[PDB]
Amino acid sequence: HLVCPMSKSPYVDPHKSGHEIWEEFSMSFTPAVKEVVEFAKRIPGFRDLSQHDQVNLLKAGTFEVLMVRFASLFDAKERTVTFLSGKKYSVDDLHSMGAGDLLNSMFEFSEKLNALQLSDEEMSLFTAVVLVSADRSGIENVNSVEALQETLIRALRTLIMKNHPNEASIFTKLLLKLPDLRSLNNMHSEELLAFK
């Protein structure tokens, strides 16, 4: 099985070679990756990083951007995951197909994120913060990334406190999603590399 909701279905046709399964899968997830790159180009200051650092941030942070953008695929009340086909699959069914604690952790992440009740605008700025906060292990000019991060983080703090003046904790709760996203990325990357 292919229990990733980026696929059209978790069912894998056994008559297909491994190379054919992955090419089909790549046709499904590539458009989401390309949308992350276009989003990155619209972040003020992102195009000013060196091209090496731009690619490394996207390499390390694309999954976490998509995790934020696709949090709505996880219906925390019904316990279903919407795959790219639009068809919903239950937690129980995915657990029979081998999905595990990672899936459960994606449910908890999406539940807590949805509960913050962010506007589209704050969600968009949070997503830029998520991208520019990606693992800096490759990065050549860490100071420029750190400066871009602080700029976006400062703007997010101001937007949040402007829009949620008596719920000061929201900003802290948003910052606490970054280690959670990073752990989702660490685990997911393991499962991904095991598949191939």
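When you see a residue number, it is the position in the sequence shown, counting from 1.
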| request: Could you check which stretch, 99-107 or 77-85, carries the larger mean CA temperature factor in the entry? | output: 77-85
| message | Which is higher on mean Cα B factor in this entry, 26-34 or 59-67? | response | 26-34
| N114's Cα B-factor: lowest, middle or highest third of the chain? | middle
| query | Against its chain's modelled residues, does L159's Cα B factor rank lowest, middle or highest third? | reply | highest
| remark: For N143, the third of its chain by CA B-factor is the middle
| C-alpha B factor of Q51, ranked within the chain: lowest, middle or highest third? | highest
| message | Can you tell me whether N166 has a C-alpha B-factor in the lowest, middle or highest third compared with the other modelled residues of the same chain? | response | highest
